[PDB]
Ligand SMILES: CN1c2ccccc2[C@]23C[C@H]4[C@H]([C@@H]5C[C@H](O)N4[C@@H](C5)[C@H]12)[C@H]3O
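Take a look at this one chain, the form solved without ligand AJM, written out in structure tokens.
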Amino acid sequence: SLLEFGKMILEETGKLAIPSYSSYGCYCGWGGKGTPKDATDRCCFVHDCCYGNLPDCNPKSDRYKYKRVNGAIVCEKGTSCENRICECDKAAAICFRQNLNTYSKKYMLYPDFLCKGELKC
């Protein structure tokens, strides 16, 4: 679910999902178009594609369970949708962690019309 994703993001990065990742760049948050602005935005692009791979799941609302083993996120076994949603969220949270070094506050609330270019999943 979205709230679980937000808590996984906070755990990984120490940033609050809202506002750090809810409206960042072209792809983090509602909507997506154009060329992602940086590596963090690319995490969101791929996360969007990952949710797009699950057309008959409901990634915003369906809850999954995970634990940590030696620090690392381990998605626990629910329904097939829940497992797949968890893997998408896990990847994006790790990706955010990996790209904290280049996160730029200039891309928070980035305006949609600047999202020029095109990117297929």
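Residue indices: 1-based, along the sequence shown.
There is another form of this protein, the form deposited with ligand AJM bound, and it is not shown here; the text below is about that form.
Not displayed here, ligand AJM is approached by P55 to within 4.5 Å at the level of heavy atoms in the bound PDB entry.
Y51 belongs to the set of residues with a heavy atom inside 4.5 Å of ligand AJM in the bound PDB entry. Along 1 to 28, not one residue places a heavy atom within 4.5 Å of ligand AJM in the bound PDB entry.
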